[PDB]
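Take a look at the structure set out below.
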Amino acid sequence: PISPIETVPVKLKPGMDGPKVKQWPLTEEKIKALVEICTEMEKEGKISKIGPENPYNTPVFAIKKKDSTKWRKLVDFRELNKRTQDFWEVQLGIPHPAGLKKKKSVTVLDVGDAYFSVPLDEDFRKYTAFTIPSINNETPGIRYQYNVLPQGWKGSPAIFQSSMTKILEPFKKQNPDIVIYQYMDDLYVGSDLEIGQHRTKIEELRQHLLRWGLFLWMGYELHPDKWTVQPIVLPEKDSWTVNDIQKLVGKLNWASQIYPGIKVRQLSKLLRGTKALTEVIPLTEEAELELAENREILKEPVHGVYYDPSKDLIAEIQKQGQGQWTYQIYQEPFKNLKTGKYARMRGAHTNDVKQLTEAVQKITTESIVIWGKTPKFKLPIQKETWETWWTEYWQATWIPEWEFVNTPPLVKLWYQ
Amino acid sequence: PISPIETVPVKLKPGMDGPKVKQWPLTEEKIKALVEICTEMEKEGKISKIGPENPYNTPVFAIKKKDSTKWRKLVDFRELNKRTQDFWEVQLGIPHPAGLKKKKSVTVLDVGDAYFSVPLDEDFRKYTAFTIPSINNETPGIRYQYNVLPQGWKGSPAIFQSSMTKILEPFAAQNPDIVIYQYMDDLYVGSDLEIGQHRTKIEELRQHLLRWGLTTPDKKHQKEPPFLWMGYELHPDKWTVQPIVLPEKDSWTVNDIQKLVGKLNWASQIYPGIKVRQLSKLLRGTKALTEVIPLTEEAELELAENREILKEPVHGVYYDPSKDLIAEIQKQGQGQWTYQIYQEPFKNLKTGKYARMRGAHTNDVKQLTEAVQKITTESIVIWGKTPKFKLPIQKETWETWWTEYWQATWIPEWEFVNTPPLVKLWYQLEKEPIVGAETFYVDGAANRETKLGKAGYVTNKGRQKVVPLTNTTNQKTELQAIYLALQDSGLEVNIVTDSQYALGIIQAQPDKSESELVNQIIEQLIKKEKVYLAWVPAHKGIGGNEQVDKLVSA
Ligand SMILES: COC(=O)CCCC=C(c1cc(C#N)c(OC)c(C(=O)OC)c1)c1cc(C#N)c(OC)c(C(=O)OC)c1
Numbered sequence: 001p002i003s004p005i006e007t008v009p010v011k012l013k014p015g016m017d018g019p020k021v022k023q024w025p026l027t028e029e030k031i032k033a034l035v036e037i038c039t040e041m042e043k044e045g046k047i048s049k050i051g052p053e054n055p056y057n058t059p060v061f062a063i064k065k066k067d068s069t070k071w072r073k074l075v076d077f078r079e080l081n082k083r084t085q086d087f088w089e090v091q092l093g094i095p096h097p098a099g100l101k102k103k104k105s106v107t108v109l110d111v112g113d114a115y116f117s118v119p120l121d122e123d124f125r126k127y128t129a130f131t132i133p134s135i136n137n138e139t140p141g142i143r144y145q146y147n148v149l150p151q152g153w154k155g156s157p158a159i160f161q162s163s164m165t166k167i168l169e170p171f172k173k174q175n176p177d178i179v180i181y182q183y184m185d186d187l188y189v190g191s192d193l194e195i196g197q198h199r200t201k202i203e204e205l206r207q208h209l210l211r212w213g214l227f228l229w230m231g232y233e234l235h236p237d238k239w240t241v242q243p244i245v246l247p248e249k250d251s252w253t254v255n256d257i258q259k260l261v262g263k264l265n266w267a268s269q270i271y272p273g274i275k276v277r278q279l280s281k282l283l284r285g286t287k288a289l290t291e292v293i294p295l296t297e298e299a300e301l302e303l304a305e306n307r308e309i310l311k312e313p314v315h316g317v318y319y320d321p322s323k324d325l326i327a328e329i330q331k332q333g334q335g336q337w338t339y340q341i342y343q344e345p346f347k348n349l350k351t352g353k354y355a356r357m358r359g360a361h362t363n364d365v366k367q368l369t370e371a372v373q374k375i376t377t378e379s380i381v382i383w384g385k386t387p388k389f390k391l392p393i394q395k396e397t398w399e400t401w402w403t404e405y406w407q408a409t410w411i412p413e414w415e416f417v418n419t420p421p422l423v424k425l426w427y428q
Numbered sequence: 001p002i003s004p005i006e007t008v009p010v011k012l013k014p015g016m017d018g019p020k021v022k023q024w025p026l027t028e029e030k031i032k033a034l035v036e037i038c039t040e041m042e043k044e045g046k047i048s049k050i051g052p053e054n055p056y057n058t059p060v061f062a063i064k065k066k067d068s069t070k071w072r073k074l075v076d077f078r079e080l081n082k083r084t085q086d087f088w089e090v091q092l093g094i095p096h097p098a099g100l101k102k103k104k105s106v107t108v109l110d111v112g113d114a115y116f117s118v119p120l121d122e123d124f125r126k127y128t129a130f131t132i133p134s135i136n137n138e139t140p141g142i143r144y145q146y147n148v149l150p151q152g153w154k155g156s157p158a159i160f161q162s163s164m165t166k167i168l169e170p171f172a173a174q175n176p177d178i179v180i181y182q183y184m185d186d187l188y189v190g191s192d193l194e195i196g197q198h199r200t201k202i203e204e205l206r207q208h209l210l211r212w213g214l215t216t217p218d219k220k221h222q223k224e225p226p227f228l229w230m231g232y233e234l235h236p237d238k239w240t241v242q243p244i245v246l247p248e249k250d251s252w253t254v255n256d257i258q259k260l261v262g263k264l265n266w267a268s269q270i271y272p273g274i275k276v277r278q279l280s281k282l283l284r285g286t287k288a289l290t291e292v293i294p295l296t297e298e299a300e301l302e303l304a305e306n307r308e309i310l311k312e313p314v315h316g317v318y319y320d321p322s323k324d325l326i327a328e329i330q331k332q333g334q335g336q337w338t339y340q341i342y343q344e345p346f347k348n349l350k351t352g353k354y355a356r357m358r359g360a361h362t363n364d365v366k367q368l369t370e371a372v373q374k375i376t377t378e379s380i381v382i383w384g385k386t387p388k389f390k391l392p393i394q395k396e397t398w399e400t401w402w403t404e405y406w407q408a409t410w411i412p413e414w415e416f417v418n419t420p421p422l423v424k425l426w427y428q429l430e431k432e433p434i435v436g437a438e439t440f441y442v443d444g445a446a447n448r449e450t451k452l453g454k455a456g457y458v459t460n461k462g463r464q465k466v467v468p469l470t471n472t473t474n475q476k477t478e479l480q481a482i483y484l485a486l487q488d489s490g491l492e493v494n495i496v497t498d499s500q501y502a503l504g505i506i507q508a509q510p511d512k513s514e515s516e517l518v519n520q521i522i523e524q525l526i527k528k529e530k531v532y533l534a535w536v537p538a539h540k541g542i543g544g545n546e547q548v549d550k551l552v553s554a
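Right under this line is the structure:
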């Protein structure tokens, strides 16, 4: 029986107009699924039909979370979100829990439904307009607008922050060491327990939340690890070929943009001379020392790299082949805040795009946990390919920003 | 005892005000006409006389459609439109014949007799005010305002369709066996029912529209095959474009061919094979709007293969949801591709073309991938599903390509179709150095001012070469050097370069380029049995890259 008898004042960013994003073509089945979904939301009063006097529009589609096979409505509120008054709660946000990324484990909860019990400020409703397209522009599109707080909007978690804080006290007061974080329609629970007692303990937080008037049941397990930024490693061989020394010199030269102390003179020296690429060169006294010194510089961390909340996070991804991908998250080039190697998963080494899309979600999730915000992606894929088939594999309630890299980076293998 | 059409709340753009335009001095004859007209319209309810309060005014005109009788008023809300809010124009694009499913019977009701029976927002009417000037202006012109959706006002189309839909909604709901389509003055209703049980449910419609007063003519008919609709030619079970008459002109200007480009593409959606490469590249850049420019000898043999494609009028059929959807692609050269989407052999629902994206380098596989995404999106739009593809590329070729391509790529379900020319991989760089193959260390360098430079190489066996060059750049000398190594080496060879520029071109794996230099290199690579391209950082005393770098400078 939960629904705030009032509505919180909401407006757009000073001097900014509502969204008017075009709706993209949807398959016949996704359409049918949205029709069923909305017909119910209408009766439940969450939404209402609108007349042509409303010009605003935001894209909409359907997906499926992990397990349930049941279709789920997803609204790409990216435009509305960046145009919506950056919720400056008179309480000053929620100081990113630096301790969530340190917890041995973290469980992700879809508390989205909660939102649908709170009414939306009448003056903002027209801004959440979406259309369920028709096949072949035959009939006109079904137009709707939200009555309750919509999942995916930046304002929902804020307008709701009040009700959530108290729906948690009977837990936060109890468990002092546990960490709880909220982002969009997700609740993140970290701890230092063990799978056994960390798994069942969540159930406790499930029913508890289920007793406060509350896809309710889905949880992705997580355990973020070491080397926020992975070390660069040089090969260790007994016999080097000219080709081996050439690549090594290439990697060190590259690494020196990150670590100034790296030297490659004593190694280049072995190169002086036009030898066959597969010929073995013996390492000179001097050369092995440099290879030793460099190796040592690479062990320590990079020089005073810090996160700047004002600047946005950039995420670069490289296709390494055989279902392996690399990525780096940073704000300033050569100053990584995180690097990783998302290995084999669903792509079932048959679909490059499905893999990339999972990688992106995984990178975004990791990003939400460390800084409490999604990063700007640089995808190694043609825009036309990605725009056609990113929504077929998407499964998160949120959506990040992305751009496309069309030139093959020389540094592919160095990140392997 | 009819029920009203709910009114749509309207408003003017924020911060703006209603129009205040002056009225145009009309001739005595025109005035009488308008008075006759505005007199009846007021009776019908359409308009209404206002007092002096209304400060708003919109120009009004009267015109005689030549060789037809009477007059018809015409208001110019050009200014009321620029001050009216925005409406969700859901009229964005119409269906595609290929998306239509055949129906045993298809009727047409004329509901233009409703565009006026639909009220206008009360508080908005004051903005549609207009004045009928008096004869000799020795009297105050008669003032008026609308009580309905004006003809020409920004939001009349948007508000009309919305109202019509709402009224129709219940009918359609309780009549699954019939299909209604609303767009403008016409309502298309079809069904696969007995012609008897059809004109039946039609009466019901005409009658359902009665509960709101809206009258639909007691029509018999005024039409039959070929149904001329939106530049098409529709039939009970087939369609095609309007007769596409190729201008038998001798002097082609910009508009001559440019009105042949946008008129040829139109034709391409059903006639298999049409091309517009050698024709669109003749006016891609040209001064003036029109101009008698020469047609390349190539833009004459393709346009000739047009009067053989535009010779025999071909027909596109209708979509059947029970049959699978198939899409076939062909390579045509110069970066042109055509496709036919069909369900049954030779029964193309539709056809089309795809042109390469303007770029420096490229390869057929990437092009194919692009055509496939296009057809996919167009298919989702027209039929709500992705068609199965039948492509001119071997499965092995495609596997090799995507598993080794640096970018992520994918094509939906497809099958190889042995219809040449087949798309393939022309060369394939090694992953490791080749044992026993000669190692060529190359380099190039030019002089910024003199534009003079050198390209060359030195190998492990002592082979050496350096060629002087004029009117070159650093990038060109870097490519020429690789070219020399390719020309002077055996079937298997290891090339070492410091040119990031070169590697970037080659790693994109082009099979064709704008640059004749890149093309010669491609040509050499095709001839080789094995090539391993290695990169080393510049000015690091790598040698062999350092030795050649010296020979190539100064
Ligand atoms: C679902 O989206 C649409 O229908 C879009 C509407 C496309 C337009 C027409 C149409 C043609 C067909 C055909 N064939 C149809 O049957 C498959 C249908 C149908 O089924 O829809 C109810 C509609 C059309 C246009 C005309 C014009 N001008 C015209 O007058 C000459 C006539 C006519 O019928 O006169 C006797 C018909």
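So the sequences go chain by chain: B and A.
Heads up: the first sequence runs through residues 1 to 214, 227 to 428, numbered per the deposited numbering.
Under the deposited numbering, the first residue of the second sequence carries the number 1, and numbering increases by one thereafter.
For every residue, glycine included, the Cβ atom is placed at its ideal position computed from N, Cα and C.
Beta-carbon separation of residue i and residue j under 8 Å?
i, j, result
"residue 92 of chain A", "residue 115 of chain A", "no"
"residue 552 of chain A", "residue 443 of chain A", "yes"
"residue 147 of chain B", "residue 45 of chain B", "yes"
"residue 388 of chain A", "residue 320 of chain A", "no"
"residue 353 of chain B", "residue 306 of chain B", "no"
"residue 420 of chain B", "residue 152 of chain A", "no"
"residue 440 of chain A", "residue 457 of chain A", "yes"
If I measure Cβ to Cβ from residue i and keep anything under 7 Å in the same chain, skipping five residues before and after, which residues do I get?
i, result
"residue 21 of chain B", "57, 58, 59 and 79"
"residue 101 of chain B", "236, 381 and 382"
"residue 460 of chain A", "438 and 439"
Please list, in chain order, all residues of the same chain as residue i whose beta carbon is under 6 Å from its beta carbon, the five residues on each side excluded.
i, result
"residue 317 of chain B", "347"
"residue 426 of chain B", "263 and 266"
Verify the CB distance criterion: does residue i have a CB-CB separation below 8 Å to chain A?
i, result
"residue 401 of chain B", "yes"
"residue 368 of chain B", "yes"
"residue 51 of chain B", "yes"
"residue 261 of chain B", "yes"
"residue 46 of chain B", "no"
"residue 284 of chain B", "yes"
"residue 276 of chain B", "yes"
"residue 137 of chain B", "yes"
"residue 306 of chain B", "no"
Tell me, please, whether the CB atom of residue i is closer than 8 Å to any CB atom in chain B?
i, result
"residue 500 of chain A", "yes"
"residue 407 of chain A", "yes"
"residue 208 of chain A", "no"
"residue 231 of chain A", "no"
Tell me which same chain residues have a C-beta within less than 8 Å of the C-beta of residue i, skipping the five on either side of it?
i, result
"residue 17 of chain A", "83"
"residue 46 of chain A", "116, 146, 147 and 148"
"residue 334 of chain B", "356 and 361"
"residue 302 of chain A", "275, 277, 278 and 279"
Considering residue i, what are the terminal residues of the alpha helix (DSSP H) in which it resides?
i, result
"residue 157 of chain A", "156-173"
Would you give the residue range spanned by the beta strand (DSSP E) that residue i belongs to?
i, result
"residue 349 of chain B", "347-352"
"residue 43 of chain A", "Not the beta strand (DSSP E): residue 43 of chain A falls in the alpha helix (DSSP H), residues 28-44."
| Residues, ordered as in the chain, of the stretch 428-444 of chain A that lie near chain B by beta-carbon distance below 7 Å | If you check each beta-carbon in the stretch 428-444 of chain A against every beta-carbon of chain B, the ones closer than 7 Å belong to 433, 435, 439 and 441.
| request: Give, in chain order, every residue of the stretch 334-358 of chain B whose Cβ lies closer than 7 Å to some Cβ of chain A. | output: Those residues of the stretch 334-358 of chain B that come within reach of chain A (Cβ to Cβ, closer than 7 Å) do not exist; the list is empty.
| request: Give the residues from the stretch 298-332 of chain A that approach chain B closer than 8 Å (Cβ to any Cβ), ordered along the chain. | output: Going along the stretch 298-332 of chain A in chain order, one finds no residue with a Cβ nearer than 8 Å to chain B.
| query | If contact means a Cβ-Cβ distance below 8 Å, which residues of the stretch 144-160 of chain A contact chain B? | reply | Cβ contacts with chain B come from 155, 158 and 159.
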